[PDB]
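Asker: Sequence lines, in order, name chains A, B, C and D. Start counting the first sequence at 51; every next residue gets the next number (the authors' numbering). Those letters in the second sequence? Residues 3 to 39, 69 to 226, 235 to 317, 323 to 344, per the authors' numbering, in order. Start counting the third sequence at 249; every next residue gets the next number (the authors' numbering). Start counting the fourth sequence at 4; every next residue gets the next number (the authors' numbering). Heads up, the beta-carbon is just placed ideally off N, CA and C, and yes, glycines get one too.
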Amino acid sequence: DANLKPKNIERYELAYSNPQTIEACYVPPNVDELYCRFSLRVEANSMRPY
Amino acid sequence: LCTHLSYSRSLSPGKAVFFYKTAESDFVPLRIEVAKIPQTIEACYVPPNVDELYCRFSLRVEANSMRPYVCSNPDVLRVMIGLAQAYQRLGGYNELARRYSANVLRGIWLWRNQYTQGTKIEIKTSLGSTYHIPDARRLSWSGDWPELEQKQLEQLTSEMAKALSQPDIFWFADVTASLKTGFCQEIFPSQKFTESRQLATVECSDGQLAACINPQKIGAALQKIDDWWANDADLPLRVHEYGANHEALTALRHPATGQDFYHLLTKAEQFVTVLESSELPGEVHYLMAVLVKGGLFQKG
Amino acid sequence: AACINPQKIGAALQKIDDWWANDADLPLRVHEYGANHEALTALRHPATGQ
Amino acid sequence: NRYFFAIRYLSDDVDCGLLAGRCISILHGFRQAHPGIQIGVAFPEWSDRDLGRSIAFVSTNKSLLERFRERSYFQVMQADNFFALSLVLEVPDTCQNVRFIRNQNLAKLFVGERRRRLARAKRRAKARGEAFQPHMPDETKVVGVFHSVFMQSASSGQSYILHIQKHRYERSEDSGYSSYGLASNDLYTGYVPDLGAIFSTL
RNA sequence: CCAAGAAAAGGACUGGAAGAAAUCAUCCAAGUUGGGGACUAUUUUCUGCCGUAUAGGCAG
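1. What residues from the segment 61 to 77 of chain A come within 8 Å of chain B, judged by C-beta to C-beta, listed N to C?
2. Could you pull out every residue in the same chain whose Cβ sits closer than 8 Å to the Cβ of D/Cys98, ignoring the five residues on either side in sequence?
3. Return the chain-ordered list of same chain residues with a C-beta closer than 7 Å to the C-beta of C/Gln262, the five sequence neighbours on each side being excluded.
4. Leaving out five residues on either side along the sequence, give the residues of the same chain with a beta carbon under 6 Å from the beta carbon of B/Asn144.
5. In chain B, which residues lie with their C-beta within 8 Å of the C-beta of A/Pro79?
6. Quick one: grab the DSSP three-state call for B/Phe224.
7. Would you mind telling me which residues of chain B sit closer than 7 Å to C/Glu286, beta carbon to beta carbon, in chain order?
8. If we define contact as Cβ-Cβ less than 8 Å, is D/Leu165 a contact residue for chain B?
9. If you measure beta-carbon to beta-carbon, which residues of the segment 283 to 307 of chain B are closer than 7 Å to chain C?
10. When the distance is taken between beta carbons, is B/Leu314 closer than 8 Å to residue 322 of chain B?
11. Going by Cα to Cα distance, which pick from B/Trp176, B/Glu190, B/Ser89, B/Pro105 is closest to B/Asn125?
12. How would you list, in chain order, the residues of chain C whose beta-carbon sits under 7 Å from the beta-carbon of B/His6?
13. Only counting the same chain, and skipping five residues up and downstream in sequence, which positions put a Cβ closer than 6 Å to that of B/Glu217?
14. Please report the straight-line C-alpha distance between B/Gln197 and B/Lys256, rounded to a whole angstrom.
15. So what does D/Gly132 bridge to, in DSSP terms?
16. I'd like to check one pair, D/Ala186 with D/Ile104: are the Cβ atoms closer than 8 Å?
17. Compare the C-beta of B/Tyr281 against all C-beta atoms of chain A and say whether one is closer than 8 Å.
18. State the DSSP-derived secondary structure class of B/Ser235, mapped to helix, strand or coil.
19. Of the residues B/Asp166, B/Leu340, B/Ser132, B/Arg236, which one's Cα is nearest the Cα of B/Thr147?
20. Smallest Cα separation from B/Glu286: which of A/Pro56, A/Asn58, A/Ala65?
21. Could you run through the segment 214 to 225 of chain B and flag, in chain order, every residue whose CB is less than 9 Å away from some CB of chain A?
22. Tell me where the alpha helix (DSSP H) around B/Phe310 begins and ends.
23. With 16 as the cutoff for other CB atoms within 10 Å, does D/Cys19 come out buried or exposed?
24. What does B/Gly16 reach in chain A if we use C-beta pairs closer than 8 Å?
25. Which residues in the same chain as B/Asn284 place their Cβ atom closer than 7 Å to its Cβ, once the five residues preceding and following it in sequence are excluded?
26. Where do the ends of the alpha helix (DSSP H) carrying B/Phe300 lie?
27. Counting only the same chain and skipping the five closest in sequence on each side, list residues whose C-beta sits under 6 Å from that of B/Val36.
28. Who does B/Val30 pair with in a DSSP beta bridge?
29. Can you find a CB in chain D that lies within less than 8 Å of the CB of B/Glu180?
30. Just verifying my parser: in three-state terms, what is the DSSP assignment at D/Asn100?
31. For the segment 57 to 76 of chain D and the segment 104 to 116 of chain D, state whether three or more C-beta atom pairs, one from each stretch, are separated by less than 8 Å.
32. Assuming B/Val19 and B/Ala307 make a contact with CB atoms under 8 Å, what is their CB distance in whole Å?
33. Report the three-state DSSP secondary structure of D/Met154 (helix, strand or coil).
34. Expressed to the nearest angstrom, what Euclidean distance is found between the alpha-carbon atoms of B/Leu335 and B/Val107?
35. Can you confirm whether B/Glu26, when its beta carbon is compared against all beta carbons of chain D, has any partner nearer than 8 Å?
What follows is the structure in structure tokens.
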């Protein structure tokens with residue numbers, strides 16, 4: 051509590067876990083390489099105010 | 003202190019998968035059988080005629096504790112930078128590397144599956160080294176290791192000491208162990224957490248399932264190297280800001296003692312001063333270990 | 249399938265600005281006020297005239 | 004043509020699986036003293052979620068059932084206010100029957116059973132002289148609902164579990180009960196009335 | 001021992017006829033959610049037999 055009083059919590063009460071639900075992503079076994087792709091367009095559009 | 007302060011993790015595994023070899027193909031997964039009885072029962076054991084089981088995982092190590100991921104205070108930042116370097120140049124990374132390295136070679140990341148007729152561990156790295164522990168069943172936390180084994184601990188310690196302390200080195204290790212097994216020995220993979236029980240598996244690229252151990256379950260085993268409290272080494276704790284001990288349901292560095300991370304975090308100005316006069325005390329070893337297992341250190 | 253968002257790719261490509269304080273350091277994402285997220289601050293605060 | 008009596012557990016913290024096992028053990032011991040008898044076990048408080056806090060016994064010979072009721076264990080448990088006992092009375096003629104068959108096939112769901120089965124199969128092949136070449140089944144099975152009762156071995160160093168299922172009755176043949184008063188899937192036919200009725204008596 | 005005390009509003013009905021809201025009309029410009037993690041615990045399912053047999057039935 052505001053780095054002042056440490057809270058009343060009994061010793062055993064912090065040995066408990068905190069469960070959570072998460073999403074995650076891993077490369078599956080035996081894949082040799084991963085690919086990533088995207089496209090890019092460029093326009094000469096700074097010459098004049100929209 | 004300050005409002006925003008974060009570190010990211012400097013050491014991490016991917017997951018572990020169990021498999022065996024045949025004369026026809028090199029990777030055949032160990033599978034799990036389920037009966038719907069929903070409310071199910073299930074089992075997993077090495078099948079007849081397979082003499083040994085393999086377990087494999089990968090590890091990356093990164094020199095990422097030298098600098099705060101985020102810091103909102105220029106004075107907090109100046110100090111944390113000075114401290115990491117004040118420590119690095121006196122050594123001490125060797126000590127941390129020695130402790131981490133010892134755990135990989137010992138094999139405790141196998142948890143409940145250590146009880147074999149003989150376990151062999153082999154390690155390869157991205158710098159071209161190979162290490163070989165012919166039998167992992169005899170190496171203690173405390174004690175002198177037998178010859179030729181003590182030596183590989185030193186060599187591995189050196190590669191990792193660098194991986195932890197100098198940037199732009201891309202260091203990977205590939206750890207495979209072999210379990211020589213019993214007639215139809217039961218295997219203990221990670222369990223599923225639910226709101235009867237279920238076991239965890241992964242999918243193969245061909246659609247088969249396999250038994251596995253979760254990433255953080257491998258990780259929890261590796262980082263268990265905290266024995267700096269109460270001048271009584273016993274066995275080490277998993278590094279935790281409060282010194283939690285799950286087996287006894289207690290906490291060794293309870294805030295009431297002044298021995299936790301947060302009290303210690305505020306004395307950095309004093310530690311740097313000492314390091315300059317330098323011997324490294326338990327208080328700075330603890331702090332460095334926590335910075336390596338980075339997380340949120342905020343709302344000061 | 250897993251992806252990376254358009255503007256997340258974009259923020260990386262346009263990370264080009266080391267023209268402040270006559271000391272290049274690392275470049276910032278172009279921003280009218282010179283925002284710096286990592287340090288939670290701003291390098292071209294209106295108070296500077298920059 | 005049928006008589007019964009019932010026992011209920013008074014304590015709210017009673018463990019049904021542990022305690023039920025003792026009543027069966029007594030029945031067995033009695034069966035050993037007088038081999039030519041037939042007494043069936045029923046669970047009038049059976050549920051899909053639990054086993055229930057009560058047990059009943061059913062038979063055809065009034066005078067014999069009285070002798071069973073007089074067994075010292077039951078008398079002690081009543082005296083200390085653990086058990087509520089009923090008297091022996093006639094079974095109502097307006098009810099339906101159930102089997103209470105036990106299923107040993109469920110043993111095969113556990114690793115210990117598979118290990119034993121294969122060890123014997125390997126050894127058994129030596130007589131044939133062929134190489135040991137076992138062949139495993141597929142990954143999915145479907146089973147019905149069952150409850151467990153905790154059991155001690157007879158004059159040995161072991162303990163194990165009984166797995167009980169409840170089947171509805173269909174009438175044929177002639178009867179017999181197993182040593183535990185339970186029914187078997189085959190060649191052990193018997194039944195008990197499902198006396199979930201008139202349970203307000205305890 | 002209440003501005004005291006007592007009180008039957010009842011009967012009967014038939015609001016119907018007609019009808020045309022239409023014409024047009026432009027929402028546009030840029031924009032980074034993000035850093036950490038043990039579901040296994042003081043738990044019950046162990047030992048034999050029939051059988052070509054991880055089929056299918058039985059004794060503890």
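Answerer: Taking the geometry as given:
1. From the segment 61 to 77 of chain A, only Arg61, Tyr62, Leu64, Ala65, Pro69, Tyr76 have a Cβ closer than 8 Å to chain B.
2. What you label residue 98 of chain D is simply residue 95 of the fourth sequence in a count that begins at 1. For D/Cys98, where only same-chain residues beyond five positions count, the Cβ hits under 8 Å are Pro196, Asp197, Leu198, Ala200.
3. In the third sequence, the residue the question calls residue 262 of chain C occupies position 14. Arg277, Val278, listed in sequence order.
4. As a first step, residue 144 of chain B is located in the second sequence; it is residue number 113 there, counting from the start. Cβ neighbours of B/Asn144 beyond the five flanking positions: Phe219.
5. For the purposes of this step, residue 79 of chain A is taken as residue 29 along the first sequence, with counting starting at 1. Those are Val19, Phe29, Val241, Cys243, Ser244, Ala249, listed as they occur along chain B.
6. For the purposes of this step, residue 224 of chain B is identified with residue 193 of the second sequence, where counting begins at 1. Three-state result, B/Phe224: coil.
7. Position 38 of the third sequence, counting from 1, holds the residue named residue 286 of chain C. The contacting residues are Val101.
8. The residue labelled residue 165 of chain D in the question sits at position 162 within the fourth sequence. Not a single C-beta of chain B is nearer than 8 Å to the C-beta of D/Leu165.
9. Under the 7 Å Cβ criterion, the segment 283 to 307 of chain B contributes no residue.
10. For residue 322 of chain B, nothing is modelled; it lies in the interval where chain B passes from 317 to 323 with no residues in between.
11. Translated into positions along the second sequence, residue 125 of chain B becomes position 94. Considering only B/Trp176, B/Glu190, B/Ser89, B/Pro105, the residue with the shortest C-alpha distance to B/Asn125 is B/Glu190.
12. The residue given as residue 6 of chain B occupies position 4 in the second sequence. Correct list: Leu288.
13. Walking along the second sequence from the start, residue 217 of chain B turns up at place 186. Around B/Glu217, the same chain offers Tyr76 as residues with beta carbons nearer than 6 Å, after the five sequence neighbours per side are excluded.
14. The residue labelled residue 197 of chain B in the question sits at position 166 within the second sequence. The residue labelled residue 256 of chain B in the question sits at position 217 within the second sequence. Each residue's Cα considered, the two are about 27 Å apart.
15. Residue 132 of chain D sits at position 129 when you count from the first residue of the fourth sequence. For D/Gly132, which the question treats as bridged, DSSP gives no partner whatsoever.
16. The residue you call residue 104 of chain D lines up with position 101 of the fourth sequence. The residue you call residue 186 of chain D lines up with position 183 of the fourth sequence. In contact: D/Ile104 and D/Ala186 (Cβ atoms closer than 8 Å).
17. Mapped onto the second sequence, residue 281 of chain B falls at position 242. B/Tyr281 counts as touching chain A.
18. Taking the first residue of the second sequence as position 1, residue 235 of chain B is located at position 196. In this structure, B/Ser235 counts as coil in the three-state DSSP scheme.
19. The residue given as residue 147 of chain B occupies position 116 in the second sequence. Residue B/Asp166 is the option with its Cα nearest to B/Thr147.
20. If you number the second sequence from 1, residue 286 of chain B lands on position 247. It is A/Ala65 whose Cα lies nearest to the Cα of B/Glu286.
21. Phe224
22. If you number the second sequence from 1, residue 310 of chain B lands on position 271. Counting along the chain, the alpha helix (DSSP H) containing B/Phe310 begins and ends at 307 to 316.
23. If you number the fourth sequence from 1, residue 19 of chain D lands on position 16. The residue in question, D/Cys19, is buried, as its Cβ has 16 or more Cβ neighbours within 10 Å.
24. Here residue 16 of chain B corresponds to residue number 14 of the second sequence, with the count starting at 1. Within chain A, the residues near B/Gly16 are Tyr76.
25. Working through the second sequence from its first residue, we reach residue 284 of chain B at position 245. Counting only Cβ-Cβ distances below 7 Å, and skipping sequence neighbours, we find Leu276, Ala290, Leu291.
26. In the second sequence, counting from the first residue as 1, residue 300 of chain B sits at position 261. Counting along the chain, the alpha helix (DSSP H) containing B/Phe300 begins and ends at 300 to 304.
27. Numbered from 1 along the second sequence, position 34 holds the residue referred to as residue 36 of chain B. So the qualifying residues of the chain are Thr71, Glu73.
28. Along the second sequence, one-based indexing puts residue 30 of chain B at 28. Per DSSP, B/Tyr22.
29. Residue mapping note: residue 180 of chain B aligns to position 149 of the second sequence, counting from 1. B/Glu180 does not count as touching chain D.
30. Translated into the one-based positions of the fourth sequence, residue 100 of chain D becomes position 97. Note: D/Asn100 maps to strand in three-state DSSP.
31. no
32. As a first step, residue 19 of chain B must be located in the second sequence, where it is residue number 17. As a first step, residue 307 of chain B must be located in the second sequence, where it is residue number 268. Not really, about 42 Å apart at Cβ, beyond 8 Å.
33. Counting from 1 along the fourth sequence, the entry for residue 154 of chain D is found at position 151. Three-state result, D/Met154: strand.
34. Position 291 of the second sequence, counting from 1, holds the residue named residue 335 of chain B. Position 76 of the second sequence, counting from 1, holds the residue named residue 107 of chain B. Near 14 Å, if we compare the C-alpha coordinates of B/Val107 and B/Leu335.
35. Taking the second sequence and counting its residues from 1, one reaches residue 26 of chain B at position 24. Chain D, which has no Cβ nearer than 8 Å to the Cβ of B/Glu26, makes this no.
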